[PDB]
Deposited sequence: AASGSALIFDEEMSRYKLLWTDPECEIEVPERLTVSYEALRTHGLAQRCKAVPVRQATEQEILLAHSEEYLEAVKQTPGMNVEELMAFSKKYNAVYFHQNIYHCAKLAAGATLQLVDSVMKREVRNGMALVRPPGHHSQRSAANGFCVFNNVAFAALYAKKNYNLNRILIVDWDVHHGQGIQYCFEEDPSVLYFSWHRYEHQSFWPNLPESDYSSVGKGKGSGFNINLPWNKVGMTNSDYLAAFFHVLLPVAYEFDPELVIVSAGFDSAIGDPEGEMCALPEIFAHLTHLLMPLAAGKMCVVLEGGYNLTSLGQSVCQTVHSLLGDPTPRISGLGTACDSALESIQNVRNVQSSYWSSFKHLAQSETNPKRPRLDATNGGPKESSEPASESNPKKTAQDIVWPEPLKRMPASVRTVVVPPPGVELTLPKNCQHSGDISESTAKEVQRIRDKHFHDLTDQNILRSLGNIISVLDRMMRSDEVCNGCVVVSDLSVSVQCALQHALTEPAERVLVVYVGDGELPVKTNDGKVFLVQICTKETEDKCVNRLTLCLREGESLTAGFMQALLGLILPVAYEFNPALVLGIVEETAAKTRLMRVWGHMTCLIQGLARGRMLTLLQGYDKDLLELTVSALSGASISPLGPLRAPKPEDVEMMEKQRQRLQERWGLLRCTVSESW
């Protein structure tokens, strides 16, 4: 099992700049790298990473994605003067050269490959490469968009050649379109490329019609190229999370990539002079967190864009915070995506529906309280309950004598006291983050847990229950939401409940991505409460649900199943999730009925533009 995050940086890639007047390239400055690294130092993040040294990518490694003619042309640049460098740069669009830029491009490519080697050799779980020059615009025989060599396409081809990978996901969240990556893998079904980008109906750089949603890939790669064009500026956290939930994440979890590579361009963040979007840097934690269960956590975040030198640091720090397993911040104010985003999402979903069927339409952080008298090997970052306290027992006696009463079983009372202690240590302290408890009586345990959490205080509580029957929880007031996954059809009354009733694994994952997570993110709970009465998708569920409530999740398990207990504990402690690798049409109809029944209240469910009266 691999552990730790790799940070790969070198001050040498900060030693090339623009040597002439050019308002188009004035933003791409060396200080970018500096601002990032110092930021990671200030919040104590770079020190928590394994620092892998950069290297030069070799000639043949460069020839994996570029031609001999272009490589020979660039290798001649370190011998040019400023007039010659400017004349050479004039031969391409939106790029400038320097005497050190060939050296630094070899270093950026080599750092990318070092990250790939470190992640695939299980030396580290994931990693980030702070490189310069960027790469996602460069092409086989041309430099483009501040890019010399395509670092991420290098990484994909390198992984394929040196580890025999069959499926590699590339996620490009730069506001610009990785034309070079697309070009490189357009007819390659091995490498699934997703990109969102500011397009403005083709009036924005690079002004390519193939940057539209119509480009789904050519030949054998048709369906493995996904372009989401924003045609209006000012896209927010809601637009980004809707794009993730209703386009990328379902396709990615069905693709089941053996390796995730991210083009980390942070010009999609608020404040950037180039992107002009309104997405907070915190969103890049969740963008990262939602991608974690893929490829068993093997993620290679590579730097691309980002030119606001007073917010690049915040975005990079959020990405690294998420990569190290730190709790993601609570995203508030979420709602429906804007009409332009909904149009882009529905258009890409429609065009892609012939390749991904889910798009068709009808015309110490963890605390463990195991059964009294058991003993298990808790992960290095898990401990047991520290017995109880005098105040805990007094509150237990009060709750007993005042409410249920007629209860003398010391086991159920001890379970309730442990639940109270875990809540007090999760919410009213910066120590434990999440926790799991095995209980006996479902009614008493659930009532105690919920009612005590509400007075922690907890502004709101998400309640994910797996089982049948009615549990004692009120969905009338606006303080508790319930997601129940049962077997009986029940009904779809109220609007603060999501009831869901073998290919059940694909159906459950689709329901989690398209229904559960959007409503949960818009709800913004202060605590997630898991209940399971007496399956094999619970790991991804528990991992992805920790994006809510700043990670605070209390799980109650009715049944001493060591498998499920170990799975829950490892999911809470932050361990890697083994991937899964065709849902029933009745379940699809039920999911769409739930969507049509809830989306007027929970706008994150919407993946089509609403029609007025």
{"property": "Stretches with no C-alpha atoms in the model, relative to the deposited sequence starting at 1", "result": "364 to 412, 551 to 554, 588 to 594, 642 to 644"}
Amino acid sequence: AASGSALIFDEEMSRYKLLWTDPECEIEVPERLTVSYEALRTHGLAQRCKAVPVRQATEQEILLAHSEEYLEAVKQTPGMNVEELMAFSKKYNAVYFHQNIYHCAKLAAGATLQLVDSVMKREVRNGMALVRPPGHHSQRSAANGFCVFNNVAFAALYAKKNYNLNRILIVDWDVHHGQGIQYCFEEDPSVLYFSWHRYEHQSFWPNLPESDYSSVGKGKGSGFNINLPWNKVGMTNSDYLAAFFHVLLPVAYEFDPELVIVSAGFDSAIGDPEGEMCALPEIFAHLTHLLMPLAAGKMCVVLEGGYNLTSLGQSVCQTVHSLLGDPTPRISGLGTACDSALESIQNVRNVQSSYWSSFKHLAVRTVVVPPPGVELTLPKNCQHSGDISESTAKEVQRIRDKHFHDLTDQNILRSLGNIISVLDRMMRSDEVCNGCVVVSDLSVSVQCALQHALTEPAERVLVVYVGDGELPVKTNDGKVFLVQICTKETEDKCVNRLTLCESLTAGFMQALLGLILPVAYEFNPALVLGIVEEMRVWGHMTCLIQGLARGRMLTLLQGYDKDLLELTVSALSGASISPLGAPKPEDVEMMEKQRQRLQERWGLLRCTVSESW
From here on, numbers count along this sequence of modelled residues.
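Here the rigid core means the biggest group of C-alpha atoms that line up within 1.5 Å when the two forms are laid on top of each other.
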{"item": "Stretch with larger C-alpha RMS deviation in 7 other deposited structures of this protein, core superposed, 392 to 400 versus 350 to 358", "value": "350 to 358"}
{"item": "In 7 other deposited structures of this protein, rigid core aligned: more displaced of 407 to 415 and 176 to 184 by C-alpha RMS", "value": "407 to 415"}
{"item": "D424 not built in a third or more of the other entries", "value": "no"}
{"item": "Across other compared entries, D326 missing in at least a third", "value": "no"}
{"item": "Between 405 to 413 and 125 to 133 (mean CA B-factor, as deposited), the higher", "value": "405 to 413"}
{"item": "388 to 396 or 460 to 468, whichever carries the higher mean Cα B-factor", "value": "388 to 396"}
{"item": "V374, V175, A243, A108, ranked by C-alpha B-factor: the highest one", "value": "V374"}
{"item": "Residue selected from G265, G313, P209, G478 by maximal Cα B factor", "value": "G478"}
{"item": "Among modelled residues of the same chain, the CA temperature factor third for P293", "value": "middle"}
{"item": "Entry-reported Cα temperature factor of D561, expressed as the chain third it lands in", "value": "highest"}
{"item": "Third of the chain, ranked by Cα B-factor, where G221 sits", "value": "middle"}
{"item": "Within-chain third of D10 by Cα B-factor, per the entry", "value": "middle"}
{"item": "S578 - which third its CA temperature factor falls in, relative to the rest of the chain", "value": "highest"}
